[PDB]
């Protein structure tokens, strides 16, 4: 399977696992998105910490808007646990998650590690290729 990856992700552990999985990567510098699966499917990788920060600074929705305007079927993979991270009420996190997935209609898949993020990218790309 072939996946386009943004230059900023090139040396990540996600890319390492993708390569071990046999994925053929094409590097590009994208204005939006981290891993492109097709003309319509693009994946944005965001750490749990960065998700919370974007909620704190009120920048999450602008980011989702930008993703949707660039791709018809964008996907956000949130990496790392969202629990145990104080300084932010659980309802703020839950509320943001519900808004993105239900209102903006952008799937939010949760990954525990960069390796798991790669496994998700891989299985989605494979399905893309098969159909």
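Positions refer to the first chain, counted from 1.
Novice: So which stretch wins on mean C-alpha B-factor, 30 to 38 or 84 to 92?
Specialist: Between 84 to 92 and 30 to 38, it is 84 to 92 that shows the higher mean C-alpha B-factor.
Novice: Taking the recorded C-alpha temperature factors, which stretch has the higher mean, 51 to 59 or 68 to 76?
Specialist: Looking at the record's C-alpha B-factors, the answer is 68 to 76.
Novice: Relative to the other modelled residues in the chain, which third contains the C-alpha temperature factor of residue 124: lowest, middle or highest?
Specialist: Within its chain, residue 124 is a lowest-third residue by C-alpha B-factor, going by the deposited values.
Novice: Mind checking which third residue 17 falls in for C-alpha B-factor across the chain?
Specialist: Ranked within chain, residue 17 CA B lands in the lowest tercile.
Novice: By its CA B factor, does residue 23 count among the lowest, middle or highest third of the modelled residues in the chain?
Specialist: Middle third by C-alpha B-factor.
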